[PDB]
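Protein chains in written order, with the deposited numbering: chain A, 28 to 162, 191 to 370; chain B, 28 to 162, 191 to 370; chain C, 31 to 162, 194 to 370; chain D, 31 to 162, 191 to 370; chain G, 30 to 162, 191 to 370; chain F, 31 to 162, 194 to 370.
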């Protein structure tokens, strides 16, 4: 009852923990030198006057009139808001898995548990009929899967959460590629504390050379995040192609039972049946009847004996 | 017994954790530079005199006589009390859930557990009667359903907590939209430490140019909170109109039981019955009898066999 | 603990604590709580001495001269501990209640619920055999002594008294003037008295006062909103409604008598606690199902009881 | 632990702890606990040395000269530790009695409740057989409890130590609370060792112990709460006075139970057991039903054995 | 679900870089900032702080700093802490298979094999008990089938091979750090871009030194030593066939209800992996325990096979 | 994990960790780990540069000149981590023991206990009917291969080897002169080489090295007290005694044979683990009650066993 495919669990783990791990690294007790901005006030300035210049320019990356930067004010905005953008991406990437687990999870589980119980029951009834021969009959699970072939609401939830995950991953790739595509000189901006009563003041110099520290770390981490995300996006796209992944028809092994109709009827659709096929292919190893039937099916590759006889021997 | 609808749990989680997360972000070490205010005392001022000017003006954003600001004293008040406002909204948004958690639960959880037990019992009795055929009778829960429609005690509590949540969310949206609408130059105010014995003092200048730092971060976070809240408000509203959300009649699947009267009788009212319908639609997946009955109902879409026979096979 | 009482306790206790932590948190604070503006000639440590001396000197009335008086000065230092004192005093009655009051009402309520389940079982067994008042006297006794409830209304009355005293204190401090933090201070006792390098007086200002007043008005608003709730909760008889035992009157093994209303006696308190905890009683749930069905009046009470099983 | 004893412990222990935690509020403390006002010529580190030296020198009586004396200085510097000491000493008797005395009374009380339920069952069974051994074992057990008071002597001893420690704390807080309010200011001289004949260092420094006023304002609060708590302990100290509403009197209407209360008037373990029975007796179902019959008997309409048989 | 040698290889290869990161930045070994630049005496405190932070950020901008070794050694130190964590994460990723729900791929089949072995043991002793008073080798056929596809094991050798590749890449990277002279921290720095370019009060260049780099190299050599000790373990663990000896089944051949055939050896196929996992988890099987008791007794030959089987009951 | 092994692990691992945490106590540590005494003319930041340069320069042998040598300087700075390395290496064998060998012995021991309870039940059932050796062969087999125990003595031997290496290192480190923490450092590489305002050499001293030596001698004392314990634990045969299965020999359904002694084989290890975990076995407890009684002769063994029920 995991209700989360291993590839989906790992995609979520990566896409969420990587921006968080990178945020935590960008401010390691060993990577931050100190403040995020330094402005180089004149030597005549006192300690507190220099602190004022630093804090003023930090707050002044927003006020476009005060600061003059060669690259523009937009790089300054992006440099100051550096860590917020990654936590936002982590949260947005965590949202679709949360929507999946909160509502979609429970619905998928009940049906799969019922299908496994019905398969075990049909196996028991088939071997009991075979045992009585050695001494109703309605394909209920087949009809249930035929019904699942119709409504795709159960799957559309899955491909929708995967599609939002892919969209957010692509938007994060775009943002990180832009941010890394930084000038790497745009962190140096000229700042002027000359609004208000300081405007015509003379002891204060006209402009200060400020630099936004710990930016290079942001870009080096953004390229790492972008690489991992462009490696992750094909995985999500493949996860999206849910019918293509439905392979090795799991119910085909049950077709050798008399109490089971000879019909797979599970393929070719953007419908909940393909999703159920994937989840059955995953959780079917827990089904003992499936295990024994697959043993007989593999033996049938040689073709030495016969299916009903072998089943009777297994008991 | 979660006793909280998934949409309500997520609305609470968002509306409460988002202001808390934003408070915690607004003072992340990388994000802040130092003090919340800086005042630029003259160069002749000692370190402690400049500290006095900073702290005095910080405390003087309240005393309207001391500070002269172009935007007014109200922006100064709003800038100083940025953090306090965020927590208060989180608490008020968490207050409704707390009342629901303790006051609301006895009325509903007990009733829902009783309804689920009665449904399992009627299912068992119906299959036992069917099994005896293959070899009292009072609709107590249905009588119970009528009470829900006539009783709004367990509902009016729900729509009241939801309505207070919506009202507080709208008040938070109004406050955040106002705060974000602040001048962004209103963080610079002129401050004069000239009350008391300093009034006619000469070494102290007439006025100081103070600037409130960490206000741009407050506005950037307030717009995020406002966006998330105006996205959340339709969800709460959507939520307020329960009569509309009561859909996919859950008891309709039980109408195929002989031991159960053929009557849904659950719709169209601002009464506790609609609330109970929502909570049943949520918690009904835990009911095994409901799961099996829904399996039979979905199979009935094809119409191959028959309802009582299918039930007998399931046993 | 009744839901309204639990929420009143939660508010009246956590609000002063949350408000202390608001102002209390280091990030919210600019720095020290007092700043005194020593002269420029003073060294760093001399200015620190002036600050700390005046901070400790808001008590010594001889040193400081303030226009409003020494009481406003003492009030500021008092407030961080005064809010915690109010939180503790407001937590005390709920603590006394759970420690003493619940044990007496808990045993009685558990016994009443067990007796109700037993009478229901016996009634359906008699009805089943046909198809084939100890609890009332106990409640009549509860109708007499109000000592069991007197504990409840006493803890509620102390809660109301402490809430009103907190409202008075918070309203008093909030009006103030705010010029008190601007009161002067003179470090001229002892050997510094006739010293000349030290100025006669310093202009000190109490840091983070405005935050205290803005939070005190919030606490006062919430408390004057909470006081009517306690007063309503104070009146136990009014809240006793939707007679819970009336649903049991349809049992043959149960006498036809509610006999639970109209008094400042422990019976009304027990009625409230029964109305709260009665949903746990399965027999009450089934009986209420039958009673709601009886609104339509289609069948009959004993038949549905027997049929319901 | 009786509710009044639990609340007395909670107050007497948590109040000094809460007051310690308040005395060091991140908003009531201006900074260091002492400030000494070195001369202007002194560097930052020299002034720090003067502060720390005088802080450590409130003990060395030769260095500091104070008008009130060295004892106020000691009390001003060791104010916290003393409150924690009082909290610990006040927590000790509840720890002691709970560890050993509790189980002794718990086993006996559980046995008494079981025996009462058994005698009730036997009485109604005899009455039921009439509608269709005999040894007062619990009465004899309580008669025995009436003898040795050692089981209760533990209780009144822990209560008496609690009262003694509360009174000692009241005395200390009243003494400490009633301060000169000038003591916080002491003259300190860093002139021992090689600094003795040094000339650049002044003869004496004016030090002040900051946040002492907070200590006194909190000590008066602690003293008020403690002198309000002491009458509660004294009342709780007197076990015999507390007992009332004879709980076993309701059982006297049973045939299988002898007609004898025999529980009153002594500084013996029987009175303590009476209190604990009065507390824990509501859990006893037989007691509940018997009290129902006893309250009905106030009207006197029917009869005790008939209503008991009808009780079932 | 994770072999003890694999669990310990993961624990080492992951926790060692993390422990070394945590050690490198311990208060007792860190003196303070990671860089110090020695501004002139005329510079104020904040001007010196600006020089330090500027040069720290300027190890990237190649135009500002002039170092004898080059800019690559400078960039290596700053990213060294990040690499330690990157290597830990990449080494944790393959074990991620164990973390993920891949247990059913191997354990569920194992659970079936153990149940079938207990069942065949019970049936054999019941037949022997009836003598004292179907018959299809299903598990043998299942293992014969496992002897076919090696896809189930290919997952295992693939995660082990990625672990080995990442360990070797980490060894290569760490080897490099130890090899470097690291005078790199002594590289000069010039705060003369922008308006400071033609400024005169600021000196032409500053002598900066990178703090905690000697600690980084001393820890990198430790990590490299542990990793080159760990790589042979992974290589041995890589060879699943060379890792299998004394198969558990050879003890079940003394049962009448069990065919006389081990048929489990010699292949890069899932059968060898299942043999390893059976050798590990077989001690939980009670029937295996009793059969091994009889097999060990058979070394002496004092007691008959079927007789001792029936005798044990 | 045997109690002596658990305590040896706890000591050998937590002691270096506790000592690391003590060496850097806030009261204990004064500040930085190095101080260099720049001239008075040097600014604050120039002195900080000298400190940090010399800290990083304990490695570069050309810069610093120390009387003891550069190796003591390396050991000074690397001493804190070295203790964590010893803690980790000492934790490794117990960790290996938990996964590699503990389950192998756990399954076997649980099976032996179950078989002993079963044989006891069968013996008393046979005795009860009168009133109205699989485990031995398994242990005989264990007497063969010592591979199961070889894991145990191997983890113990690695623990002893690492403890002895730690003793050697700590005895060497404590044998430092305690003046080797004072080294002369010269910031004169690069453009500072021919600079004149900077003095030729600085007198630096390594902070918290006396604390390191005082803690290293404590660690060495505890480790040389622990090493004999490991050596004794190393000899499994010398430890086994009080033959635990001898109490079972009084059962008819159990063969009269202890057959557990005298070998560097897994049987002795299993004997130790049985002696430890056998108190959980109820049948063993009753047999020891009566097994001891049989020696006394007060009552006969089968009669008391039947009476045991």
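Note that beta-carbon positions come from the ideal geometry of N, C-alpha and C, so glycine has one too.
C-alpha gap between residue i and residue j, whole angstroms
| i | j | result |
| --- | --- | --- |
| residue 303 of chain C | residue 339 of chain C | 12 Å |
| residue 58 of chain C | residue 107 of chain G | 34 Å |
| residue 250 of chain F | residue 118 of chain A | 50 Å |
| residue 275 of chain D | residue 50 of chain D | 12 Å |
| residue 140 of chain G | residue 328 of chain G | 15 Å |
| residue 144 of chain F | residue 151 of chain F | 11 Å |
| residue 334 of chain G | residue 366 of chain G | 26 Å |
Residue i - DSSP class collapsed to helix/strand/coil
| i | result |
| --- | --- |
| residue 97 of chain D | coil |
| residue 246 of chain F | strand |
| residue 361 of chain A | coil |
| residue 228 of chain D | helix |
| residue 140 of chain G | helix |
| residue 263 of chain D | strand |
| residue 71 of chain D | coil |
| residue 277 of chain F | helix |
| residue 59 of chain D | coil |
| residue 106 of chain F | helix |
Rounded Cβ spacing between residue i and residue j (contact assumed at less than 8 Å)
| i | j | result |
| --- | --- | --- |
| residue 345 of chain C | residue 138 of chain C | The pair is not a contact, with the Cβ atoms about 16 Å apart (cut-off 8 Å). |
| residue 86 of chain F | residue 270 of chain G | 7 Å |
| residue 349 of chain A | residue 308 of chain A | 5 Å |
| residue 312 of chain G | residue 196 of chain G | Going by Cβ atoms, the distance from residue 312 of chain G to residue 196 of chain G rounds to 11 Å, so no, they are not a contact pair. |
| residue 280 of chain B | residue 231 of chain B | 5 Å |
| residue 291 of chain C | residue 224 of chain C | 6 Å |
Bridge partner(s) assigned by DSSP for residue i
| i | result |
| --- | --- |
| residue 119 of chain B | Paired residues: none, contrary to the question. |
| residue 252 of chain C | None, per the DSSP bridge assignment. |
| residue 65 of chain D | D:266 |
### Task
Below 9 Å between beta carbons is the criterion; list the residues of the segment 300-329 of chain D that meet it against any residue of chain C, in chain order.
none
### Query
Listed from N- to C-terminal order along the chain, which residues in the segment 234-256 of chain D have their beta-carbon within a distance smaller than 8 Å of any beta-carbon of chain C?
239, 240, 242, 243, 245
### Query
If you measure beta-carbon to beta-carbon, which residues of the segment 36-60 of chain B are closer than 7 Å to chain C?
54
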